[PDB]
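Novice:
There are 2 protein chains.
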Amino acid sequence: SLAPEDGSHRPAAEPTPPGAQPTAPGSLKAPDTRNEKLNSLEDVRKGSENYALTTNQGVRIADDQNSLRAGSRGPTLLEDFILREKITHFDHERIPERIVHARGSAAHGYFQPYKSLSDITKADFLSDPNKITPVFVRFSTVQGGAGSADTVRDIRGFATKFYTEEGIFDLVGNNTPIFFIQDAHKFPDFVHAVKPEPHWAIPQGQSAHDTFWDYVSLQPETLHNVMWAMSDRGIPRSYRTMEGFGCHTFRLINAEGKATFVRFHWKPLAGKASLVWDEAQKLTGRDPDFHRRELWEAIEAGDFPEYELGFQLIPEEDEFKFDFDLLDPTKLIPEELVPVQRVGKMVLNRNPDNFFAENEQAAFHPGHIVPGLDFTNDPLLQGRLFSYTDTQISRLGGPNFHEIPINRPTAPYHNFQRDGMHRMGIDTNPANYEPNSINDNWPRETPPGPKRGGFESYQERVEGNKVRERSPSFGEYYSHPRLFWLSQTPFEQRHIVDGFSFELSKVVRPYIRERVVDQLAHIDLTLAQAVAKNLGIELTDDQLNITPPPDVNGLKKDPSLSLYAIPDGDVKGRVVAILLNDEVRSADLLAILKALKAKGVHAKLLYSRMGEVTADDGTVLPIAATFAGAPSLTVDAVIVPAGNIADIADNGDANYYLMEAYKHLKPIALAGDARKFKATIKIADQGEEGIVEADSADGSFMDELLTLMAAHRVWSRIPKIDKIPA
Amino acid sequence: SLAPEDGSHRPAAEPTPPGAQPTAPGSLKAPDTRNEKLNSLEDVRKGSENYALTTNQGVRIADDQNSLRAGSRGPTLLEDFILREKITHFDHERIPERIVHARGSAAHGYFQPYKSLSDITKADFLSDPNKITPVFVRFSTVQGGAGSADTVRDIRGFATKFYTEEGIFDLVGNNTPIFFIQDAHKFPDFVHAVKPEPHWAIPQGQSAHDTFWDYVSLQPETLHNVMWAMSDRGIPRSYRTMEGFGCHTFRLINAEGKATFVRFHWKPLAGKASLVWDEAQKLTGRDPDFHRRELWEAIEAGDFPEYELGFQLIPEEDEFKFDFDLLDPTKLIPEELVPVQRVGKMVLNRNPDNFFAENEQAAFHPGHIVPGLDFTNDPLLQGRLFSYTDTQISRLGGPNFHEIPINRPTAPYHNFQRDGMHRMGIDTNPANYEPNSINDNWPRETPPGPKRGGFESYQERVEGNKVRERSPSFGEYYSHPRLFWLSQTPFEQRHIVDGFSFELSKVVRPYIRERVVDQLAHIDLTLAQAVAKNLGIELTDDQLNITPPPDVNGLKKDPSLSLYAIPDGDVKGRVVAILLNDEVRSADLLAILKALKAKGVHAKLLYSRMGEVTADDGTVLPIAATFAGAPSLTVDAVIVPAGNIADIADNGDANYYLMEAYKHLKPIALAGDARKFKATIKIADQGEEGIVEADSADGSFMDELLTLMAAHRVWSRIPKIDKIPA
Ligand code: HDE
Ligand code: HDE
Ligand SMILES: [S]
Ligand SMILES: [S]
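From first to last, the protein sequence lines stand for chains D and A.
Numbering (the entry's author numbering) for the first sequence: 28 to 753.
Numbering (the entry's author numbering) for the second sequence: 28 to 753.
See the structure below:
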């Protein structure tokens, strides 16, 4: 017995806030959270308590501390089969990482539609509001390895595996509504350009290098998703606070055989929020696991990630009614033109048990559709259909990857396929071919029908010659970048300029920077000039006269493209740093902690050391982390209670905590004599918007703080930080 | 879509300083640099200029921009074999990363001994000072994935493949002289404990989490290598400025058959230097590729990494003469007791061409020895011999990994092994077995002897029963951690305390912290008290009375265990940031660059934007990076020349640049009105050791700065940095 007698090694099996208890496997943290998929995995879940340690062959091990040797200082013997099994398994633990989206964090949950969608699709999962579909979702970055950092500037993946009664449906989306390239044939060129360069394998998790910008400069189709990546969209606060999109026009197919074009949306019910660049970059160093950690802890805390599934629906007859081609994956469909219709709600409510087994081996692929859905001729989507099945053969070791437990359908599956590496299912069918008489032709084909029918493709008319040719309709590259730019707030536009400027400054060959600047001048002159100024580049008279691209169907902005133009803030699940001193005013802390609790906002009590401090009234205050150990990067706001301020007033880390949080536009609240820290961040006596201050933490001090937090960051402070040395 | 007319896309094929040219494949950067191994790879090197783009079958491609489809807006066709080859290759790019040391950076070079070692070993590569052996070296961290960051706190790997005339010898070392554990049977337990925890796969690149410290608290054998990891040895400045060690006692065997025990050492000719934790951690965010980059650039610049091979030699009759067991890999052999004998010099002078082909697929293994070397019964080394061959079967896809070009011996290899996946060699031998008459028994066994003989094991006597039992002589855990502790300077001790304090503060379960502090009390009470204080823990009376472990064979300290106690600075290949203004005083810059150049010290010119600024005399100065884009983390010292100081005096980034450099103990030099920045870092008029200042940058000013840089950091400043908010 090595566990502590007080049982403090084991986390409570109840929802607890971030940092209160060690984290655990989902079935141990939340044993009563169930769904049909989680239940169906019970056959392979393996426990441990009270069991004897064995080899894989079930042989009990007596000494797991020593190899077998001739004499206690002698050579190890080949007949040590316990040593060799154990080391063999270790020696083969690793499998190939995903070619792209290798870095990803995942969770189980469930989806339910708001109402039946039978008028527009025969998809069984969308047929009845009382139909619950288990999901498994993996969020990811794109470029970096499985051991790269979470808060890089990159697109994010948002993949949802729906375990439906009529088969697996994978909705394999991203956090922007378009992609960099038009045709799947170029995907290796694009990916190679953004990935670490091949001579030296640098840089990790970054597009800020020559080959990416070289490619972008020579392939203007990429400019739209580049605008998105350079904006604060490229640096989300949390997977809970970004949008999701299905990237392509697909089809819905109803029982009557009518096709409707659809683009898929996920709206984050926690709101849209992003970091700022300096914060995101520094955070890759201070906690490269920050998003994986935040997702896991939100789920353990009961702050379940929730998203609303939405559809943009376009009738068959309206295929050609836009300025852009619906099948072009570099074009978005503005919500002002085609609204998103609410469809249903997904809640992620349980972490996995074993990350490797459930997360690393999960296979998602957009060809996994079900009756009631179908594809289109989008030439990016068309190639994806090839890639996601082929790649599993090396990644997951062969064609039986659907038998890896997380991948298994909960719907029945029976067919005539046999064998392959790792074959688990033992087929008893006397036949392995059809048609057969020896088993009366079972399992049998099923006609298409309104429910429970076989899959049949929509009979779309095809007419043309066999060509390798880009549609002329796809040859417009600047209008959507422009629409995106004009839709952003002035502070968002500033962060876009700064992303381009920062990234191009890492491009070693100056001609590439110049070429990119030329492309910016084809989108918007103010943008092009601002980036040019940061790069010491002067636009030519010609570049000054490039006429801007047309409006998109008469639109000059669409506010749904902004993260922040329309408020959607939610504070629940956010976190506040509380900077302790050695004699805190206990009435300030009561008021602070209860107000945060009442709104679902977490707190972490920080100090210059671990252990405890004692408040004015003798209350013993447990310390979560030190100032340097849990930097302001990791919180949404900072509160300093009154008390013995002289304890920390000269602590460099405590001052720096506030400068860093100030620079990154976070709300800061100072009570009583904590107002002496005003001088550290240079705040005028009469105060400033975004700094909450009062004699004490009572009255409106906490409501004012929470109002700031609902608006995420203090954008008005941007001109003030510009000269802060932090 | 083509190269600029000025040819600026292509790096000069001459040595150039970091940042002067884009980096490039080694064979293009330094085509005249050769050795036998580099030449032998010519069969597989593939160029590209003037060649047609083809499928892998040699078919020229007409349109690499589009998929084949039925009409230009139609579905992609299955007969597009060009698309599917290209996509299939992409979909299968990744192979499993190494189970440990997945993150690593490699280069080519050569080794030669100083004199013949034939009195002690018959190894051919140590037999003649004029016999040059090609080497390929990979440096690594241990815990993190291939996409994790470089400047983590971790042990570093240092693996050298010697391509000798009598076979490949791989010396597979680390940058500390011991390991965490005693018996290879426990390697998977230790590695699992340090690696990301299995439920959520956090943390990456960090031992700062509950499972690692749980293991350490329960296995006091780990404490010696933990001491080393918590010291600044865990955060080297560069692979060029760390020591390497072979980890085990091996044997040398001479022609007469005499065995001598040996431990291997690499001495960095650029001297020993490490980061400080705050700097190392922030650098994982600002440049996760810093060590990989610095190595590649040092080789491009001609600052070739050089190491001296050294041997500790112990006669067979002295096996039992120390108070520790020679075969215990948790124990070091103090250089005060057994001096390192200089053996030869290794120079790394070319970067690879393709990181995947040469670095990622290289396989090193300590069982790859040659006649003249042999093993011992070290029970860690014993188990390693199983693992390094076994693991290659999944990692490199089969038993023909020696045919992968980087791995191939330059010495002849012929034997009766056949087949296996991706078999390259076509054997013509009528026989695939021996003995055979049908090929007159070729290839044939060769007797052992003085040179070019067959391998025979040294006939060590073995006497004991078949037991799984740890040698009693291995059961001492505290004396070597204490010797290490006592050998460190006071500032190195403070950093060790701070490493333990920071790490244990991230351990969520407090009892684990308490148990680690109790272990520390068995090593040194001063260390234990100082960690406990930081964790808010009070030592008990029993803990205060624990008797310190005994001295190691009479030693109270051994200064060769310290990074810094004995000066060994070398400034060549270091780098200074030079903070520009818009009217630099050219006279200052001229003298600065001249003094730096004379000592092989590089410079980076930084400003608040990219492009150019013009000096007082018309000199146009190109800007390498912005103050934010290349932070003081990345340089060794900072110089601010005179001129129009008002231009940058109020710049937040420029002021911060100095604050960060000051905090991290780096030399700072301020000329003319740049002395105004003294106010940002609180230097009194009188000045301060480690801040160089004068009316202008002259002979005297540069000499002082260069003197400080030879001592690496300004340790005496440590008391002054607590207060700086940076
Ligand atoms: C719409 C969102 C989107 C788009 C447009 C693309 N990816 Fe993804 N991807 C793979 C291939 C692939 C191709 C061929 C194309 C355009 C032709 C895209 N991508 C663009 C893949 C290599 O087959 C992939 C890697 C491993 C795997 O199983 O499939 C793959 C990954 C991926 C993910 C991660 C899913 C997961 O396992 O967590 C996501 C969210 C996307 N892609 C989105 C996506
Ligand atoms: C003393 C230097 C040292 C020590 C003591 C060990 N490693 Fe290493 N290691 C593998 C297995 C293994 C075992 C079983 C033990 C102790 C029993 C050690 N290690 C401790 C490996 C799985 O075979 C390995 C991973 C991938 C691979 O090809 O080999 C491996 C790697 C490794 C490297 C990396 C070499 C490289 O590719 O650059 C180094 C420097 C060590 N180990 C050193 C080492
Ligand atoms: S997409
Ligand atoms: S070792």
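No residue lacks a Cβ here, since even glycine has one placed at the ideal position from N, Cα and C.
Please report the residue range of the alpha helix (DSSP H) in which residue 527 of chain D lies.
Specialist: Note, residue 527 of chain D: alpha helix (DSSP H), 517–532.
Novice: Three Cβ pairs or more, each shorter than 8 Å: is that satisfied between the segment 709–725 of chain D and the segment 271–280 of chain D?
Specialist: With the cut-off at 8 Å, the segment 709–725 of chain D and the segment 271–280 of chain D do not touch.
Novice: Could you tell me whether any Cβ in chain A is nearer than 8 Å to the Cβ of residue 78 of chain D?
Specialist: No, its Cβ sits nowhere closer than 8 Å to a Cβ of chain A.
Novice: Taking all protein chains shown into account, do 16 or more other C-beta atoms lie within 10 angstroms of the C-beta of residue 116 of chain D, making it buried, or fewer, making it exposed?
Specialist: Residue 116 of chain D should be labelled exposed.
Novice: Which residues count as close to ligand 3 when the rule is a CB under 5 Å from any of its heavy atoms, in chain order?
Specialist: Cβ-based neighbours of ligand 3 within the cut-off: D/206, D/274 and D/356.
Novice: Is the beta carbon of residue 658 of chain D closer than 8 Å to that of residue 639 of chain D?
Specialist: No, the pair does not count as a contact, with Cβ atoms beyond the cut-off.
Novice: What's the call for residue 123 of chain D, buried or exposed, on a 16-neighbour Cβ count within 10 Å?
Specialist: Classification for residue 123 of chain D: buried.
Novice: Could you tell me whether any Cβ in chain D is nearer than 8 Å to the Cβ of residue 547 of chain A?
Specialist: No, residue 547 of chain A does not count as interfacial toward chain D.
Novice: With a CB to CB cut of under 7 Å and the five nearest residues on each side skipped, what residues in its chain are close to residue 169 of chain A?
Specialist: Cβ neighbours of residue 169 of chain A beyond the five flanking positions: 127, 128, 181, 182 and 184.
Novice: Measure from the C-beta of residue 308 of chain D to each C-beta in chain A and report whether the shortest distance is under 8 Å.
Specialist: By this cut-off, residue 308 of chain D is an interface position.
Novice: Considering only heavy atoms of ligand 2, does any lie closer than 7 Å to the CB of residue 535 of chain D?
Specialist: No - ligand 2 has no heavy atom lying nearer than 7 Å to the Cβ of residue 535 of chain D.
Novice: For the beta strand (DSSP E) holding residue 290 of chain A, just list the boundary residues, first then last.
Specialist: Looking at the DSSP string, the run of the beta strand (DSSP E) that includes residue 290 of chain A is 286–295.
Novice: Using beta-carbon positions only, say whether residue 649 of chain D and residue 612 of chain D come within less than 8 Å of one another.
Specialist: No, Cβ-Cβ distance for residue 649 of chain D and residue 612 of chain D is not below 8 Å.
Novice: For residue 349 of chain A, go through chain D and note every residue whose CB falls closer than 7 Å to its CB, in chain order.
Specialist: Within 7 Å Cβ-Cβ: nothing; residue 349 of chain A doesn't reach chain D, min ~14 Å.
Novice: Are the CB atoms of residue 304 of chain A and residue 262 of chain A within a distance shorter than 8 Å?
Specialist: In this structure, residue 304 of chain A lies closer than 8 Å to residue 262 of chain A by Cβ.
Novice: Find the residues of chain D that neighbour residue 51 of chain A, judging by a C-beta separation of less than 8 Å, and give them in chain order.
Specialist: Chain D residues near residue 51 of chain A: 226.
Novice: Answer yes if the segment 149–157 of chain A comes into contact with the segment 374–382 of chain A, meaning at least three C-beta pairs across the two stretches below 8 Å, and no otherwise.
Specialist: Verdict: no, contact absent.
Novice: State the DSSP-derived secondary structure class of residue 123 of chain D, mapped to helix, strand or coil.
Specialist: Coil.
Novice: Got a sec? Which residues, its chain only, sit under 6 Å from residue 297 of chain A by beta carbon, not counting five neighbours each side?
Specialist: Excluding residues within five positions, the ones whose Cβ falls inside 6 Å are 267, 268 and 597.
Novice: Please list, in chain order, all residues of the same chain as residue 391 of chain D whose beta carbon is under 6 Å from its beta carbon, the five residues on each side excluded.
Specialist: Within the same chain, residue 391 of chain D has close Cβ partners 186, 188, 197 and 199.
Novice: What are the boundary residues of the beta strand (DSSP E) that residue 197 of chain A is part of?
Specialist: Residue 197 of chain A -> beta strand (DSSP E) spans 194–201.
Novice: Is any heavy atom in ligand 2 found nearer than 7 Å to the beta carbon of residue 494 of chain A?
Specialist: It does not: the Cβ of residue 494 of chain A is nowhere closer than 7 Å to a heavy atom of ligand 2.
Novice: According to DSSP, simplified to helix, strand and coil, what is residue 258 of chain D?
Specialist: In the structure shown, residue 258 of chain D sits in coil (DSSP, three-state: anything other than H, G, I, E or B).
Novice: If contact is defined by three or more beta carbon pairs under 8 Å, each pair taking one atom from either stretch, is the segment 528–541 of chain D in contact with the segment 600–620 of chain D?
Specialist: Output reads no: the segment 528–541 of chain D does not touch the segment 600–620 of chain D.
Novice: Could you tell me the boundaries of the beta strand (DSSP E) in which residue 556 of chain D lies?
Specialist: Taken as a continuous stretch (DSSP letters only), residue 556 of chain D belongs to no beta strand (DSSP E), being part of the alpha helix (DSSP H) at 552–561.
Novice: Would you say residue 726 of chain D faces chain A, with C-beta separation under 8 Å as the test?
Specialist: No, its Cβ sits nowhere closer than 8 Å to a Cβ of chain A.
Novice: Which residues in the same chain as residue 96 of chain D place their Cβ atom closer than 7 Å to its Cβ, once the five residues preceding and following it in sequence are excluded?
Specialist: Here the set comprises 102, 103 and 104.
Novice: Can you check DSSP and say which residues form a bridge with residue 341 of chain D?
Specialist: Answer is D/288, bridged to residue 341 of chain D.
Novice: Would residue 246 of chain A be called buried (16 or more neighbouring beta carbons within 10 Å of its own) or exposed?
Specialist: When all chains shown are included, residue 246 of chain A counts as buried.
Novice: Extract the residue ranges of the alpha helix (DSSP H) inside the segment 97–168 of chain A, only unbroken runs of 4 or more that lie entirely within it.
Specialist: Fully enclosed alpha helix (DSSP H) runs of 4 or longer: 108–118.
Novice: With residue 747 of chain A as the anchor, note down where its alpha helix (DSSP H) starts and where it stops.
Specialist: It spans 745–748 - the alpha helix (DSSP H) in which residue 747 of chain A sits, taken as one unbroken run.
Novice: List, in chain order, every chain A residue whose beta-carbon is nearer than 7 Å to that of residue 448 of chain D.
Specialist: In chain order: nothing, as chain A lies at least about 13 Å away.
Novice: Please name the residue or residues paired with residue 649 of chain D in a DSSP beta bridge.
Specialist: Looking at the DSSP assignment, residue 649 of chain D forms a beta bridge with D/639.
Novice: From residue 191 of chain A to residue 157 of chain A, what does the alpha carbon distance come to, in whole angstroms?
Specialist: Each residue's alpha carbon lies about 13 Å from the other.
Novice: Would you mind working out which of A/70, A/543, A/367 and A/87 sits nearest residue 204 of chain A, comparing C-alpha positions?
Specialist: Out of A/70, A/543, A/367 and A/87, A/367 has the C-alpha closest to the C-alpha of residue 204 of chain A.
Novice: How about residue 421 of chain D: is its Cβ closer than 7 Å to a heavy atom in ligand 1?
Specialist: Residue 421 of chain D: no, Cβ never under 7 Å from ligand 1.
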